[PDB]
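One structure is given below, represented as structure tokens, and several questions about it will come after.
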Amino acid sequence: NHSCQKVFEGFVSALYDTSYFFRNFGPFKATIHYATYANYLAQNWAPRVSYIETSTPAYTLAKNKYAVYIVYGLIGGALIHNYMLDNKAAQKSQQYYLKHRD
Amino acid sequence: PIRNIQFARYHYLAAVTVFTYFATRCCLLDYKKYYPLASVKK
Amino acid sequence: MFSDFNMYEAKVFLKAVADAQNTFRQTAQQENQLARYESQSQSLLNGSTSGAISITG
Amino acid sequence: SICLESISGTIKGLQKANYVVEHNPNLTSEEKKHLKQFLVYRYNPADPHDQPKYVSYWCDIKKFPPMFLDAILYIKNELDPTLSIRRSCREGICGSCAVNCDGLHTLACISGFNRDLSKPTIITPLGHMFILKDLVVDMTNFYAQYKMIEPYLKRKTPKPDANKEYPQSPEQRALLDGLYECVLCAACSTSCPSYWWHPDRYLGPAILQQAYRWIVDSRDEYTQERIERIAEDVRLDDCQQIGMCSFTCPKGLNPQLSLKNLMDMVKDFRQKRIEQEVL
Amino acid sequence: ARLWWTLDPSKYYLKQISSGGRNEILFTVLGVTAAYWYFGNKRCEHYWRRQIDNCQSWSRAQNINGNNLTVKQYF
Amino acid sequence: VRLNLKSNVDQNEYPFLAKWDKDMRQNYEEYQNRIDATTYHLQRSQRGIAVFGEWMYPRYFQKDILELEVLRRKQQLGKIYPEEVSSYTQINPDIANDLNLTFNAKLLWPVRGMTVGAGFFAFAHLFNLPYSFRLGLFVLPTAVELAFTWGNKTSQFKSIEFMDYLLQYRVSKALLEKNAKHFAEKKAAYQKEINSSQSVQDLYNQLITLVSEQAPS
Amino acid sequence: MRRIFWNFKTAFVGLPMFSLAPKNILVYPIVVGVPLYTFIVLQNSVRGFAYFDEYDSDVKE
Amino acid sequence: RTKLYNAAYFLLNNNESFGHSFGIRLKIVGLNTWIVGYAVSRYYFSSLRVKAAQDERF
Amino acid sequence: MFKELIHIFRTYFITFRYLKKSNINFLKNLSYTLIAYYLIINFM
Amino acid sequence: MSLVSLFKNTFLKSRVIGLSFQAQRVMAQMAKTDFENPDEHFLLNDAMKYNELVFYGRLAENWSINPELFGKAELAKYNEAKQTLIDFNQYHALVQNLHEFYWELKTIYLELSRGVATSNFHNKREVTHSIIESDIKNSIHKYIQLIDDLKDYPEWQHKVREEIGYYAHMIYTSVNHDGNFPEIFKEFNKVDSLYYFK
Amino acid sequence: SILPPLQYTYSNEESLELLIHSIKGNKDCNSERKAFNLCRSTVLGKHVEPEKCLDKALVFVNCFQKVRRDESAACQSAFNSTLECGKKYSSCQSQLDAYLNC
């Protein structure tokens, strides 16, 4: 370009140096490392239900052949129990405020 | 030998449908445009 | 349940009933607020006149 | 500094040159037209005063054989010798003369230009490849991609005869028949849209077909390694099964089918690496 | 290619922990317990609310400076 | 509901009340039409089946309950004057900004985004970047400001609070003009013998508690 | 400068593109957009499109 | 001092393979852009300010 | 969806090739987290 | 009593040795992968103890163990595992530096490519500017020096010439032989130019 | 926590009775109710001078109270039948239509 190319180089070098300092400054480097591994664990080892069962059926745990139905039962029971608790709370509130209405 | 392949398919389809339902609001329209072309009661 | 037309009849009629009760309340409160402000002003002026209360700011 | 003027020039450039989208200078001044019109692309990136410069030649069809290469040679021998073009075999076997023969990437020598005198015929370089000179693109990026696929026989184990031939049989010979006839003319690659957008990370139909030929070679025992080499990033995955790599092959090969089978093997290869590796 | 839409899960995430299946029963128990705590308080707030007007619910309005809010008729 | 535009107020004895009534009746048609449209939308949405309505209602139709509430409150207050806005700056500053963000008073040109993009244009003109990058880095901050400006529904709640406050203020100010004639005689004596700008409603409560704490009782 | 080379009306980017893009872009919006939208609009009006006129509007000063 | 090529689709004659493949591509991109555009339009028209008075200013 | 969307971005847009697949896989993680968060909160 | 110390030591030794067994496979796979995104096939195909390997290698090189709990064979195996993890960390640093240099060359190539595309109506310049030529010259010099430094490792030298030098060849193909071209590519036109049929 | 709180607690019987009486009033006291809403629409009548709307509000409330009394024996019988149907409901349109004709 022109004489401003020196300013361009200075600015880009300053940005590079700041990035380098921030990345591998001991505490920041350690916390970025731990954050990267935590992100890997979260994304790749999420609580799935479908997975490759390479082991023979004589080796697969019964905890794995029934985990789907355990999860479905727990979620459905939680939902129906929440609905029942909402109905019970509604009737309880109505009865209580009818008793205290007088 | 994927376990619960049907469940995985159903879960992915349900997630996609729910996301498209909430992100686009396709099933929850606004009928203010249709209000002028309507006959009122009372 | 009833038809939605009847449900909205009920809705508008109950809106009108609530508005009528609010009208009663507004009229009563406004006239009594006028009376209350007159009484309070008269009380303050009488108290200040008879040297019973000294008002500074 | 050099920015704003460049932007103004280029925005003014194409807009003032999209109207004149074919320059068409004439070689000479002619009045009576008993001759076919040839719009031959001309560009010599050696002198500063030169730009893509379609030249309209007029010449009698009868005086040269009904071949595109013969027409170009007639143009580049008598009328304008400055024209350049690669050609050695004259039989459609070396692949040197691959050019855009009237909106199609086919070998110039084994090709026939239209006989209708009224409609001009246009000859252009191979297309999405840098232009060294008139109709002479540089296929060096193509050639280099041929080096990556390791196109030589690779044996894991030797043979006990040590004095005889590799047993291949006639049936297994036919597997690589229809794959080894490619002349590396690079007419499918320059007309393959996946190669248009990723000339770097996409090997191309011809190169992937050569890789498939070496993979299905009965003697070759590095099938898995070759699959691994080609089943990396978008080396092969970029192919979209469009089918234009087969429509324009002068030798009648089927690069579309070759790449389809290669992708099928890759898809099986990913699955096979789990089923066949579990203990 | 030209056919990429499948409901089948990607094999990249289909891996499995070395000590059994993916941790789902534990995480679903944690989620259910969290749901009970979360949808146990909004239920409490929703059904135990009443609206009252008394003239004792009102208090003097004040500015951001703390003094009482009085606006003149003509400002 | 088809309120005639002409007001019946005197306009010579209650100028503020007449102006308020004129503004209320002038804009009544537009706000009534918008209220009718919103109510029809809500009714038809309630008329839906399963996940198309009657299940996600009114829990998920919260962006039009707010619109209906704002429309009714603004229908009551035909026009908001800048003099009355500044008073609410005592409670909440930037109330004019919230009203602009919610009420289509003017065109909210992205001044901040435009000047930030101009700042990028200055840097892109020093270490020259292509004008494509200049246009992109001009659009980006303007787009950011537009995203952070429009869709702000908390401004709608702030405007609801302001409209409730202004409605109450106008109602009280309307009563001031009606009874200004009646209280003229008492006002002179009260002002001349009680030198205090404190409100009578505030002074009297001080008297009430003062008698409650220190009285012969 | 930018000596563009472009076979107008005989090329994939040109008149064939103009003829091809609308007919393929407007496939799903016209084969799954119209039916879905009609179903969603008309599922509400099982008995009518009428607007239950709250706020009167039948009254005039 | 740079090598300029030709776009290779400005010069290639249209073919049924080009048409079919880009028709499928445009069908899918049109479906996805229609969905995303409907979402964006619902976002845009739901984030518009309420109507003002004739002479309202702040 | 994400795979082919990224492929479309990489094929046609030259400047999208500046992003290495390390950054793209980070966008993948962020997008998946955002989608999960969106689905969770829309029911809350 | 020392439950915390026992658990820390057993966790560290377990992870370190387990990832020491599955370390040469990861290094070999990273060798197969191109220099552009050497961590690919782990983000896409199989993350076969790659991120876990990096994380626990850094931990092992930056943690300490109590030799009281270890046996003699256990401590020898753990120390060998720690050495393998440290070698993996050095190998990862090497491949990351090579990958970053590859991306420097690819950035040069992409800057050239954006100036030739037909969509680039924004800025069409016939001649490359001065600073891009200087960057090309400097990067080619660094690439030549890198090849010279890998003279003791023929396989690594060949891999670098194949992968990193390919984009140098692409830059070669994108520029005419005018102006300062002979001087800019003088280091390139000695050996590696002929490797790419030039 | 977003649904509006209730002010007056209504039993099921009271709610159904108010529903049916409001429907009867809207089908009978429509003119007085419309006049009252006409008075209570302007700023004066709604906020500033509710004293004007006193007579119209009284007329409307008297009409509604007359509806709530339903002194007619046929009205009482039909209303009781509709209330029984509604309470069994925890449909009824035919019963409502039979009642409203009285």
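The letters A, B, C, D, E, F, G, H, I, J and K name the chains in turn, as written, and every chain counts its residues from 1.
Going forward, a contact is a pair of C-beta atoms (placed from the backbone, for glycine too) under 8 Å apart; a residue touches a chain by one contact, two chains touch by 3 or more.
> Comparing chain centres built from Cα atoms against the global Cα centre, which chain wins on proximity?
The chain sitting closest to the overall C-alpha centre is I.
> Have a look at A-F versus A-B and report the one with more C-beta pairs in contact.
A-B
> Centre to centre, using CA atoms, which chain is the farthest one from chain C?
D
> Once you find the CA centre of chain B and the CA centre of chain D, what distance in Å lies between them?
49
> Could you please state the distance in Å, as a whole number, between where the Cα atoms of chain G are centred and where those of chain I are centred?
28
> Between chain F and chain G, what distance separates the C-alpha centroids? Give it in angstrom.
37
> Provide the C-alpha centroid distance between chain C and chain G, rounded to the nearest whole angstrom.
Using C-alpha averages as centres, the distance is 55 Å.
> Indicate the residues of chain E shared as contacts by at least two other chains.
2, 9, 11, 14-15, 21, 46, 50, in rising order.
> By residue number and range, which residues of chain J touch two or more other chains?
36-37, 40, 44-45, 47, 121-125, 129, 173-174, 176, 178, in rising order.
> Would you mind listing the residues of chain G that make contact with two or more other chains?
1-2, 4-7, 10-11, 40, 44, 51-61
> For chain E, which residues count as touching chain K in their complex?
The touching residues are 42, 45-46, 49-52.
> Provide the residue numbers of chain K that touch chain C in the complex, in ascending order.
Within the complex, chain K contacts chain C at residues 18-19, 22-23, 25-27, 33, 36-37, 40, 47, 50-51, 53-54, 57, 60-61, 64, 89, 91-93, 96.
> Taking the touch rule as given, give the residues of chain G at its contact with chain F in the complex, in rising order.
Residues of chain G touching chain F: 40, 43-46, 51-61.
> Help me check something: in the complex, which residues belonging to chain A touch chain D?
Counting only chain A, the residues touching chain D are 1-2, 4, 52, 54.
> In the complex formed with chain A, which residues of chain J make contact?
The contact residues of chain J facing chain A are 47, 51-52, 54-55, 58, 129, 131.
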